[PDB]
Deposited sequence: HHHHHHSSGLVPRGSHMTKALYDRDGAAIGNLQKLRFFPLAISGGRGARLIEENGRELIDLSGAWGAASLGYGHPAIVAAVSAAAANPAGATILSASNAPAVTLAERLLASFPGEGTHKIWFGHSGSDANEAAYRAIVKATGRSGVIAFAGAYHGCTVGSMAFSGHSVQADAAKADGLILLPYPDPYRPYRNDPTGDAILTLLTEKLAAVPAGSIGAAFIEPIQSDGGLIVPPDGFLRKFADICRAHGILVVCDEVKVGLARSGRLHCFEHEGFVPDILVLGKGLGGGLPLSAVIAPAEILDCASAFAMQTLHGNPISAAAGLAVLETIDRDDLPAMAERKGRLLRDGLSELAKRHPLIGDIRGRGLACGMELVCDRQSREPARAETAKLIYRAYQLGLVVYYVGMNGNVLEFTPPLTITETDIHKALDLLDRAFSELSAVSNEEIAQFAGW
């Protein structure tokens, strides 16, 4: 009878990543509306896909006009204007050069896979560098180089809070890179996949200067540098593109989630020679469909019009300030990290040992949900709270979210172990 019960009866568990019985019938701004009418503040923004929140007027206007008069449904066998305009608008925002082209997909998973397959096709080099704990996607293609393909080389992420080999600079990781590359035929690696802030590892910001150095090693060895900005892309970091923080430019940019503002849309920006090496090669019927592309353009126009990078920078300091405020009261909070409106809070059993508090995290978000706050956890040990709110979230929503979060830290023990065991999580 209830919506959550019906979901359990109609929809298989295969795609479920449930942390609590959240059941939604509506949305407005940064709020989700449960079946009964209860309002929750969404600090997850659907893992960041709701870039402009819910029922944003520019999304509404864009998608309504597109549905009323659609330019076909595909970029495969026809050129259509909404996609071409979006392709140029994405091209404009990327420097460079360039000589760069767009590939459109439905998701970050299909875009990382396309990027990979295009590289191997264009160059003949199938080897891949990727980072341990990396999330590039859940398709057979994009999982092949995600964290736990042949010629896959996995490196530790430069994690300040848990430095590899207890070297805080990351120099040991670059040294490992170097040892790994010479154990392998010269010119055999075609690509290096990089998250500028590592999402699934625990929203990890790498040590300053590391990515630039890593890219320089890559460029010196013929290896194309692929920046996977699905989670942290497009203004979320407080800059239009997250690599703008790291003093390097990737050869390839992968975009997703927030790009569609609520509709399935991803994109690969890659040199022309990579995307033109084949035709009819990586394709799905509704790729570059006009409704998705229209929304994508409404996201970009709104980013520019509202200076959303500047907003995300502002609202992110406000959010991190408040979280530090909570640390001063709650011993579980070991680490606050992030850029713009991509923030992570690591919870630990002891601030010195920095041992992961998995059970408390699960109870926390469950309680948070009961109080009216949607937040999910992420990370290797399930101990990292992830904050990726709509970029249009108001300061008033953030204050309210902080009060509810404070309340959820205090009221955590209320959650029984059997309530938590109802929900498999990751």
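- Residues of the deposited sequence missing from the coordinate set occupy positions 1-18, 167-174.
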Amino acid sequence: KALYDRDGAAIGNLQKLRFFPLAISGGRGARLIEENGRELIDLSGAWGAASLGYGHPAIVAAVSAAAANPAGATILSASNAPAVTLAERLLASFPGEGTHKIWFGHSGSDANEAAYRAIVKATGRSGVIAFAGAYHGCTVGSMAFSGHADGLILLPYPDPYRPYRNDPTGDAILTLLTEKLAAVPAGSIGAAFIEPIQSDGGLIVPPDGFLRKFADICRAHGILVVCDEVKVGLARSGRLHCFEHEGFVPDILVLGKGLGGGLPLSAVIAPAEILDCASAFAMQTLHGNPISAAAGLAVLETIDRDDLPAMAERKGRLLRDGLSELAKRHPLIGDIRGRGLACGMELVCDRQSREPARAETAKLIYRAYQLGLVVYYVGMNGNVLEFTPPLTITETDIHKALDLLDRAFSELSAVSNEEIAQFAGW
From here on, numbers count along this sequence of modelled residues.
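- As the entry records it, the average C-alpha temperature factor is higher for 92-100, out of 92-100 and 125-133.
- Comparing 227-235 with 163-171, the higher mean C-alpha B-factor in the PDB entry belongs to 163-171.
- When the Cα B-factors of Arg117, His106, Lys257, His330 are read from the PDB record, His330 comes out highest.
- Reading the B-factor column for the CA atoms of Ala111, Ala293, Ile252, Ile274 in the entry, the top value corresponds to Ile274.
- Annotation for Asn381: C-alpha temperature factor in the highest third relative to the rest of the modelled chain, per the entry.
- Ranked against the other modelled residues of its chain, the C-alpha B-factor of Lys315 as given in the entry falls in the middle third.
- The PDB entry assigns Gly372 a C-alpha temperature factor belonging to the lowest third of its chain's modelled residues.
- Per the PDB record, residue ranking by Cα B-factor puts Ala149 in the highest third of the chain.
- Residue-level temperature factors show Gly247 in the middle third of its chain, judged at the C-alpha atom.
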